[PDB]
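Colleague: I'd like to ask you about the structure that follows.
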């Protein structure tokens with residue numbers, strides 16, 4: 001446990017810079033809602049706007065608490081108080097209004113994401129608080145408003161599955177980087193952030209070229225699966241979550257029809273499933289390497305492992321759950337709540353596939369997860385914009401934060417084995 005305590009100190013600047021960004025997020029989010037509430041809901045203004053601006057004072061008090069010595073020692077406890085206080089604000093917002101179900105569901109999604117990824121609490125405390133908050137969210141709305149109740153749970157389960165996967169995989173990067181960065185320290189002893197802010201790339205073009213081929217050389221060399229941070233194992237968990245996110249999301253949409261589903265609706269789902277079953281099986285052949293492996297399928301396995309080809313597969317794999325939502329849209333739309341609330345999971349799902357470029361993933365969430373619903377409306381109309389804009393920027397920030405936490409792990413891997421080679425030389 002001695003190295004555990006030193007690990008936290010090394011990661012303390014990260015758990016503080018992240019936490020201070022969450023305060024900016026909720027402070028900005030709670031200010032846009034107050035402006036939206038103070039104009040379109042003047043019938044009950046002081047009873048809903050006042051919590052928004054009053055809680056803005058909580059962020060100010062918490063932001064200054066960061067510089068206090070107590071935060072340098074009790075950063076976990078202060079992060080817990082955000083989890084409880086923001087829960088109270090969002091749970092009461094659902095109760096106080098009775099606003100669209102889409103607007104409330106965005107609050108549940110965004111607050112859940114902050115707890116899982118950018119709050120730094122123990123897994124059992126984070127997961128239990130998230131489910132307890134979600135079960136309180138889905139129970140206050142119906143109480144203070146067969147198959148209809150199951151659909152909300154399936155969407156709720158998808159949020160936790162993505163959040164847990166982001167949380168678990170983020171601790172893997174931080175811990176593995178800490179071990180490998182400290183591994184080089186003893187190597188340099190025995191011998192005697194290189195990422196641009198805008199494009200999220202290593203400044204040295206030489207590091208880019210090897211990084212872009214990292215998956216390919218991993219497959220070509222058939223290196224064994226070591227930990228959860230291996231480039232080929234991360235793909236397996238990414239596809240496995242993508243299949244489950246797609247399947248649970250597809251189950252709810254087909255529960256709405258229970259007018260028969262459009263021929264397109266049956267076509268896209270089955271086309272996705274036919275593509276999906278191969279993708280899950282291909283990743284098996286890339287990590288497990290059964291005796292059924294053979295030369296011809298080893299030729300194609302490395303080709304898919306390249307930068308351009310894997311981006312194409314990941315782009316349609318990440319967008320596969322989103323394409324299930326928009327395959328149910330026809331001229332008989334006038335459905336306005338189920339499509340909107342399911343689409344929030346679609347844009348959220350773009351946080352998965354951390355290996356791919358964040359800029360392409362985040363952009364595709366805007367055009368393939370937000371654009372269709374936004375244009376379908378072209379005040380409910382003035383709320384879907386603000387609901388999606390808040391969630392999109394959270395997706396953009398989280399994808400950015402995990403991409404720099406994945407390439408940094410690779411930079412620690414190449415730096416660790418460079419020192420190891422130098423040690424073997426002498």
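We number each residue from 1, going along the chain as drawn.
Each residue, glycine too, has its Cβ placed from N, Cα and C.
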Colleague: Can you say which of 214-234, 235-255 is given as transmembrane segment in Swiss-Prot?
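Modeller: From Swiss-Prot, the annotated transmembrane segment range turns out to be 235-255.
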Colleague: At a threshold of under 8 Å on Cβ distances, which of 75-95, 235-255, 264-284 pairs most often with the transmembrane segment (21-41)?
Modeller: 75-95
Colleague: Rounded to a whole number, what is the CA to CA span in angstrom between residue 334 and residue 335 on either side of 4 missing residues?
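Modeller: Here the endpoints' Cα atoms lie 8 Å from each other.
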Colleague: Would you confirm whether the transmembrane segment (313-333) and the transmembrane segment (75-95) meet the contact rule of 3 or more C-beta pairs below 8 angstroms, pairs 6 or more apart in sequence?
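Modeller: Contact between the transmembrane segment (313-333) and the transmembrane segment (75-95): absent.
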